[PDB]
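The chain below stands alone and is given in structure tokens; this is the form deposited in one PDB entry.
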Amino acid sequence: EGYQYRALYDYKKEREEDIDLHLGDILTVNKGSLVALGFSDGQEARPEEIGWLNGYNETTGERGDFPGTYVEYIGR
């Protein structure tokens, strides 16, 4: 059971670990890389309240971290 959100806004990459993000980009973020801290069940569905998430930008066929306030989890 992983997590998948949609990037409502566009991002480029400020930190040395972010991935080129763009509105309409899908991010496949597993439920572990984010729960590695102990996120509560369902907390991953609210990226705006997470900080940073590491998923897979299928749109560009890449993977990395990105601002959760720029995406919107919608289900696994």
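Don't overthink the numbering: it's just position in the shown sequence, from 1.
Missing here is the form solved in complex with a partner chain; even so, the following discussion is about that form.
Inset, instruction - Answer yes if any heavy atom of residue 62 is within 4.5 Å of a heavy atom of its partner chain in the entry with it bound; otherwise answer no. - result: Taking the distances in the entry with it bound, the answer for residue 62 is no, it never comes within 4.5 Å of its partner chain.
Legend entry - Residue contact check: residue 51 to its partner chain in the entry with it bound, 4.5 Å heavy atom: Residue-level check for residue 51: yes, a contact with its partner chain.
Inset, instruction - Find out whether any non-hydrogen atom of residue 56 is located within 4.5 angstroms of its partner chain in the entry with it bound, and reply yes or no. - result: No, residue 56 sits far enough from its partner chain in the entry with it bound that none of its heavy atoms falls within 4.5 Å.
Inset, instruction - Give a yes or no for residue 10: in the entry with it bound, does one of its heavy atoms lie within 4.5 Å of a heavy atom belonging to its partner chain? - result: Looking in the entry with it bound, residue contacts with its partner chain include residue 10, since a heavy atom lies within 4.5 Å.
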